[PDB]
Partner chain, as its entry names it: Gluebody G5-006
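Take a look at this single chain, the form deposited without its partner chain, given in structure tokens.
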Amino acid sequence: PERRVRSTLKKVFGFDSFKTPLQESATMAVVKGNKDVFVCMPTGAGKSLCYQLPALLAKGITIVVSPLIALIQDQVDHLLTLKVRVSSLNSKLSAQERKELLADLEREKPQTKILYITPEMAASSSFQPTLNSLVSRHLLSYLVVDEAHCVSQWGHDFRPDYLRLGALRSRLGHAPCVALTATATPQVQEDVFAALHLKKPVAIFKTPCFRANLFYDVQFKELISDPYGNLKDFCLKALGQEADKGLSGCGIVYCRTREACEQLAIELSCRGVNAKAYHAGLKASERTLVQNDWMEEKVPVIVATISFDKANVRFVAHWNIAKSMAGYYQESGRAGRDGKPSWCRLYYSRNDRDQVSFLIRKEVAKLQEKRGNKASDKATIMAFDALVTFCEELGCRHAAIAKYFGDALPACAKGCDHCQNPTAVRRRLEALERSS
């Protein structure tokens, strides 16, 4: 019941109301138990609560399998801080403590409401008697697979144990299963659905990556005579939306190369807008100084490399195409963190695209040399291809981002490069074709 889950959420996690409505629906679906559940919510979006609360309110016990020992310990400690009866069965646990946890499990009603487990030892022969004892007694109310993307090779991070967890789902079938992930491409979604042996009916419960307060546009460097002047104008316009407000908030600028990024920062400083460079090339003390300046209002817009949060960000500009489409989305997510509208820009270049594709080729060659994973090797270049295709698409850029993440394509009434003055973006694309 809705009232029961509401009261349980307030009593356990001290949460008066769910942070998101979609996560509330996901929690309803999981506690219902009629069908398996999937969730793709970004870190810090309450994805944990979706699987924690049903376990709290479940008549049995919920097994939560997570790839890292540290992650398991962090979740268990977080729930213990909430006075929740949780256990952590892992190799890190001692023999006596492990036996005590097993004794707790063997009780008629297991003392540990939520049992976290590391997948590698979950396949261990020692755990299997406990696992099938749990299965026979029908005490396993739910199963949870955190970091579900690890099962898919196409995912950024992969775990073969997560391929095995299809077997664990085959076991304990009576218990509904909840797969959880931070970001999941539709390829990743299908890999998770087929590998974990999840039930035929599943609710994806993925938060729409689209944010109404975002403005995605991809200007062409070759099209603009002085792209640095264009970035100066974009920074000036985005820093202030209210004439009385004037310059406010702060933006971010991303660089493909650390060394050229310092030159970029100094020449934007001379442009009239003060900025600082953040990259490995810069000394650590200076890196911290520029980070602090960005966190404060001292620097209107900061300049950083591809590698790195603020309460409110005015804009996130990408002087060069990001290494991966998901990487570009993550970097642009910093923009529009607050409710105030924010603008995200990407400065394409055919030469820059060739350079980035060469970098991706070197990366995939290194993967083949060491990783030896053809699927992920093709996945990286597929992400780069998706980013570029998003770049040269005479369509809603939010729609393309949603397609890459697989969520239903948003429709931007306004505030999107294509959704307003689309013909202008198409003319820019035609000029790009004319140039190359």
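Positions refer to the first chain, counted from 1. Here the rigid core means the biggest group of C-alpha atoms that line up within 1.5 Å when the two forms are laid on top of each other.
A second form of this protein, the form deposited with its partner chain bound, is not displayed here; the remarks below concern that form.
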Contact label in the bound PDB entry: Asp377 to its partner chain, heavy atom within 4.5 Å:
no
*Give a yes/no on whether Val84 approaches its partner chain to within 4.5 Å in the bound PDB entry, heavy atoms considered.*
no
Any chance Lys403 has a heavy atom within 4.5 Å of its partner chain in the bound PDB entry?
yes
**Asked** Taking the shortest heavy atom distance, is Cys419 within 4.5 Å of its partner chain in the bound PDB entry?
**Response** no
Within 4.5 Å of its partner chain in the bound PDB entry by heavy atoms, the stretch out of 259 to 267, 101 to 109, 192 to 200, 310 to 318 is 192 to 200
*Thinking of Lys35, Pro186 and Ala408 as one candidate spot, does its partner chain come within 4.5 Å of a heavy atom in every one of them in the bound PDB entry?*
yes
Answer key, its partner chain contact in the bound PDB entry at 4.5 Å (heavy atoms) among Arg334, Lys221, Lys232, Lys206: the residue is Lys206
Assert contact residue (its partner chain, in the bound PDB entry, non-hydrogen atom within 4.5 Å, options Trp294, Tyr329, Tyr347, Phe210) equals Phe210
Comparing between this form and the one not shown on the core: of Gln241, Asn213, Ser269, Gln355, the CA moving 2 angstroms or more sits at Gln241
- Has the Cα of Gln96 moved 2 Å or more between this form and the one not shown, judged after a core fit? yes
